[PDB]
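Q: task: produce atomic coordinates for the following.
(chains A, B, C, D, E, F, G, H, I, J and K, ligands or ions: 24)
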Amino acid sequence: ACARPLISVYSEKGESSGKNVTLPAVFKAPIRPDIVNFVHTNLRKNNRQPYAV
Amino acid sequence: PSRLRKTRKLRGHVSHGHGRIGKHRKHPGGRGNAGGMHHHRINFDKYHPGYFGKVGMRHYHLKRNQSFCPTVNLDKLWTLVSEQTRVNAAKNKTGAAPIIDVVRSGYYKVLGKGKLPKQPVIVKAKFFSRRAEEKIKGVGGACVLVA
Amino acid sequence: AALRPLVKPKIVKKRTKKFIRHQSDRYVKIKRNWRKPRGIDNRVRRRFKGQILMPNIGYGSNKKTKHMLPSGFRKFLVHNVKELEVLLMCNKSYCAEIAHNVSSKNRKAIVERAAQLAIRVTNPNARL
Amino acid sequence: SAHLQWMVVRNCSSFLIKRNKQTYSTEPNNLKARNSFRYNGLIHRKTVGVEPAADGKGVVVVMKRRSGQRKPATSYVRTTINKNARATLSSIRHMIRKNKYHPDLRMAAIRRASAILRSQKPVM
Amino acid sequence: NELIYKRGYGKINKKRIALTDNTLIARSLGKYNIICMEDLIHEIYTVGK
Amino acid sequence: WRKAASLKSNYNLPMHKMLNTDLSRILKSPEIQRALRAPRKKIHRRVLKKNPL
Amino acid sequence: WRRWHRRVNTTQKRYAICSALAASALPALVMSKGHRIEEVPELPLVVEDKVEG
Amino acid sequence: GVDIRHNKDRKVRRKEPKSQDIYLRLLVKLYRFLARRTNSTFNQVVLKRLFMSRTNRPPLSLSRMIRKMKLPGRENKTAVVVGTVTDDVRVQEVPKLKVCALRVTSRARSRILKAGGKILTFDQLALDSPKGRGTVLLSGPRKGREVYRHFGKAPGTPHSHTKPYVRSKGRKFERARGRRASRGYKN
RNA sequence: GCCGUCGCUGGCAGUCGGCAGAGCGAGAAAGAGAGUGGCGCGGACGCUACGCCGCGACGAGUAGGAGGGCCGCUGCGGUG
RNA sequence: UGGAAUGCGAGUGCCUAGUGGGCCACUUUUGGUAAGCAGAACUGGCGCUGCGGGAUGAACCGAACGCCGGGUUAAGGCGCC
RNA sequence: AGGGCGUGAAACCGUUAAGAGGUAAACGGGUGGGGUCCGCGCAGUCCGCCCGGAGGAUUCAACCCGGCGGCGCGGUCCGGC
Ligand SMILES: [Mg+2]
Ligand SMILES: [Mg+2]
Ligand SMILES: [Mg+2]
Ligand SMILES: [Mg+2]
Ligand SMILES: [Mg+2]
Ligand SMILES: [Mg+2]
Ligand SMILES: [Mg+2]
Ligand SMILES: [Mg+2]
Ligand SMILES: [Mg+2]
Ligand SMILES: [Mg+2]
Ligand SMILES: [Mg+2]
Ligand SMILES: [Mg+2]
Ligand SMILES: [Mg+2]
Ligand SMILES: [Mg+2]
Ligand SMILES: [Mg+2]
Ligand SMILES: [Mg+2]
Ligand SMILES: [Mg+2]
Ligand SMILES: [Mg+2]
Ligand SMILES: [Mg+2]
Ligand SMILES: [Mg+2]
Ligand SMILES: [Mg+2]
Ligand SMILES: [Mg+2]
Ligand SMILES: [Mg+2]
Ligand SMILES: [Mg+2]
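A: Numbering: from 1, shown residues only, chains lettered A, B, ... in the order given. Ligands and ions are numbered 1, 2, ... in the order given. Take a look at the structure below.
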């Protein structure tokens, strides 16, 4: 959408501090599981080691 | 992915997709482009016409950079300069004409295909075409040469 | 005290015997699992008279009563207690079948739960 | 959105369970426990749950408030109804109808809050 | 009569739909003033326009 | 989507192929509800053919 | 010399990253991967900088 | 038995898109609803085009959308496309256009918005005009692909201006026998 | 009668409920439209829309093709 | 008044496996004394195809096949098998 | 698990049990006979409502207090984002 909320930073004691950060626009990009999968099942072929008889 | 391929549905059928009468022998036509003139002539004439013979002059030590000349058409000539150069000449009133240097963008010859917008230009280029130069005069503009 | 199903229709099956493989009787290397015979001169795949039969799609079961045990219930493998609450709103049409590996200490506290939930178990006296 | 993240959760969830030609779902607030857009207890903006009370007796009802939507901690409200078998099935009914709160789930909520009462009586 | 009544099926929407009511004939052949199984029999017997 | 990426060379978040992904709110909206034919939600199972003779 | 490694377009690895971040701020798409976040106070869980200390 | 032939019983049209993306499989849900629940043969064409492969819905150029929306009569209409609206750098003036496409390249959003036109989506269009009143369906050139130059009558055939498959093109790559009236013949 | 394939490019987002009014099978292109003057708090199921439902027609097959396998084998990333 | 009848949704585009030993029959038909021979034409078959009949049977007569209940037939039959 | 000793399949063989036996055996369709175990069969389903029949509660409605949540065209309330 277009409405970017105001997330609140949480102190290390769990309780919410005063600091706020506007939700970055990345958290509204399209969710594409097919693109995510196609990219994952190709990028993790790269860390593979050769093997052969 | 073998699990998607066609040899996984071909388990259990004797000839494995290749024929009972005519087997899948090794090379029943010769290897490669064999028989281009004898038994594969209908194919080398129906699909690769002109494949056999010589034509033209040889050129022994050809160097592909003496004949370097990339062209740009007039339609996308105005895309070499920024946008506030084509519109600044619109808002302009003193008749000034922007200098489009083409060999600076990476083209040597200017061919004239597209239409042009009505404003003057000064096209610096290495080689010009007759029509590319006439379409520039007919709009008002100069065809500078640069060696 | 049997746990009756929702409705118990009449189950009709177009065939009861298994579909044995061609020539699974003369040999021991040929198991009973079915393999469509693809030989040229074969007498089974030409559908001769009096030969073995072939699994057509015509033998399919009525969809209304397909996979349905003779107790009018469908079935579900249950690996632990938590997989019963999944089945507690399908009570009167599906049953539970504790897996083969669930030891008797857990299978007792699984039949115990399914008794409260009124879920029917097919093997409730299994291991003990 | 609901239909968006349902088109992501419809097959590659972790609560999805697929065996014996059936397909149930183990979501927290899924009542009827079956994998469907309508009864999924995590996708929508307003869901309903009917769990058993932590002690022996009672039925807890879990509504999902509107205001807190990305705050999982302060998102759900819970109310334990430890009453007779009929008042609790007129309280869930009012909770849903009179509030006009996800009203297509009411008979599902009663049918579940009855399975709990039935699974909390003394066995025979 | 025996044919149209007992074995009479209509090619409606390219579907062999059994002629069970006059509103299956009127709905298709109505524009020719054939609106009942009797107008149908009369059109077949007396070869009509 | 209006301010490019600063740390990358030229990158803007991928655009959206549809904005209001809530086709429930889309479908029960007065814009679309008015432009529909009445639902034909009656089931007409096969009529047994008796013999008019 | 089997082809072990695959290469992906950069704009597509970035599409996949933005799709794997836009999906980590949704309570359903995180509680469906299996994580036990029934008591996290807010999903884009931010903490003060002293945590790096 | 009946003596029919089942050669053509299975019509091969696309019952659904082959892609698995969920921002398309939601458009196809909304338009499958509009397609069946309205009597407008517009939605039926949009739905039938949302199935089509990436080679059957080709790109549009901004210039071809200019000259197809400049035709007399169709003013103040929304230009609907099912493919993408690419830029056309060889056009200098851009009017204001109401447009609705699946994609608009990041240099055609610029031009259209700086002109002053709107760029809707297919859900925005479905809310603006459900039955699709006031629209102009378009589609880019389908025979534009270089693939369609090798199709037709095979080369080496009287009056078959079909492009052959050659490794490289040059003096000595298929220019000798079936092309010269001198060396052999030509067609 | 049942299974399946094909076709209808069929139907279903209308579960529109005390902010209610429960319909779109009927031969005849189009509104159960607006305005302008003469007690008892109640109502089954559904909708994994890749889902569900209704209608007809059809069902041989070597070589070959295609699809669907919640058929099976071994390991990998996730998840139970 | 869409200018005969009857029937039926058509048009178009790529990619493409297998095949390129055939055989039989009515009718026409060439060589041969003829052949379960050699060779053509048209259609239908066998090959790729079960089923009822012809005792038996690649090709003849009927008839073409999802799995089943009732009824009726085809071609063939009805002393007994 | 007894010194080539984890598990210890198949073909093949021995013995015990059960049946059977002159058209080699085996096989598909159909039943019948006997066995083996299973149903933990052998007095046979429960569920909602209502009517009556006998009992038991610290109990219903309606009011009062406190909390919580939904909705609000609060026509157009305050302050936010
Ligand atoms: Mg085959
Ligand atoms: Mg072979
Ligand atoms: Mg092949
Ligand atoms: Mg070959
Ligand atoms: Mg080969
Ligand atoms: Mg030669
Ligand atoms: Mg043989
Ligand atoms: Mg054969
Ligand atoms: Mg048939
Ligand atoms: Mg066929
Ligand atoms: Mg075909
Ligand atoms: Mg078949
Ligand atoms: Mg050969
Ligand atoms: Mg001959
Ligand atoms: Mg053969
Ligand atoms: Mg044939
Ligand atoms: Mg035959
Ligand atoms: Mg004889
Ligand atoms: Mg019969
Ligand atoms: Mg006889
Ligand atoms: Mg041992
Ligand atoms: Mg050990
Ligand atoms: Mg041992
Ligand atoms: Mg003995």
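
Q: and the residue of chain H most remote from its centre, how far from residue C:106?
A: In chain H, the residue that sits farthest from the middle, by CA atoms, centre = their mean, is residue H:1; the gap is 45.3 Å. Residue H:1 is 59 Å from residue C:106, where distance means CB to CB, to the nearest Å. C-betas here are computed from N, CA, C, even on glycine.

Q: same question, residue C:39
A: The gap separating residue C:39 from residue C:106 is 51 Å, by CB to CB.

Q: then residue G:31?
A: 27 Å.

Q: same thing with residue E:49?
A: 83 Å.

Q: next up, the contacts around the residue in chain E positioned nearest to chain H.
A: With CB to the nearest CB, the shortest gap between chain E and chain H falls at residue E:16, namely 12.5 Å. Residues near residue E:16 by CB atoms under 8 Å, 6 or more residues apart in numbering or on different chains: E:9, E:10.

Q: that one: helix or strand, and which one exactly?
A: In the assignment (DSSP states H and E), residue E:16 maps to strand E:15-18.

Q: strands paired with that strand, and their directions?
A: Partners of strand E:15-18 in the sheet, by DSSP bridges, are strand E:9-12 (antiparallel).

Q: buried ones in the strand it pairs with?
A: residue E:10 (16 or more other CB atoms under 10 Å in any protein chain shown).

Q: all strands for chain C, in order.
A: Secondary structure of chain C by DSSP state E: the strands cover C:77-78, C:97-98.

Q: tell me which residues touch the closest residue to residue C:24 other than its chain neighbours, please.
A: Closest residue in space to residue C:24, ignoring its immediate chain neighbours: residue C:30 at 4.7 Å, by CB to CB, 6 or more residues apart in numbering or on different chains. Residues in contact with residue C:30 (CB under 8 Å, 6+ apart) are C:21, C:23, C:24.

Q: now, among those residues, which is nearest to residue B:70?
A: The closest of these to residue B:70 turns out to be residue C:21 (CB to CB; 70.5 Å).

Q: spatially central, which residue of chain F would that be?
A: Geometric middle of chain F (CA atoms, centre = their mean) lands on residue F:23, at 5.3 Å.

Q: where exactly do the helices run in chain G?
A: G:10-21, G:27-31 (DSSP state H).

Q: just put the ones you listed in TSV and tack on mean neighbour count.
A: Formatted as TSV, the helices of chain G follow (neighbours: other CB atoms under 10 Å in any protein chain shown):
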stretch	mean neighbour count
helix G:10-21	17
helix G:27-31	21
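
Q: so what's residue D:18 bridging to?
A: residue D:23.

Q: that one: neighbour count?
A: By the measure other CB atoms under 10 Å in any protein chain shown, the count of residues near residue D:18 is 11.

Q: neighbour count winner among residue C:39 and residue C:106?
A: Remark: of residue C:39 and residue C:106, residue C:106 carries more neighbours, 16 against 10, as counted by other CB under 10 Å.

Q: now the more buried one. Nearest residue, chain neighbours left out?
A: Closest to residue C:106 by CB to CB, 6+ apart is residue C:80, at 6.7 Å.

Q: one more: residue H:69?
A: Residue H:69's closest residue in space is residue H:79 (CB to CB, 6+ apart), at 5.5 Å.

Q: and what about the one you found, helix, strand or coil?
A: Going by DSSP: H, G, I helix; E, B strand; the rest coil, the secondary structure assigned to residue H:79 is strand.

Q: ok, now residue B:124?
A: strand.

Q: how about the contacts made by it?
A: B:99, B:100, B:101, B:102, B:103, B:104, B:144, B:145, B:146.

Q: of all those, which comes closest to chain G?
A: In terms of CB to the nearest CB, no member of the contacts of residue B:124 lies closer to chain G than residue B:104, at 28.8 Å.

Q: three-state assignment of the closest one?
A: Residue B:104 ends up coil, using three-state DSSP.

Q: please report the distance of it from residue B:72.
A: 12 Å.

Q: which one of those two has more residues nearby?
A: Between residue B:104 and residue B:72, counting by other CB under 10 Å, residue B:72 is the more crowded of the two (22 against 12).
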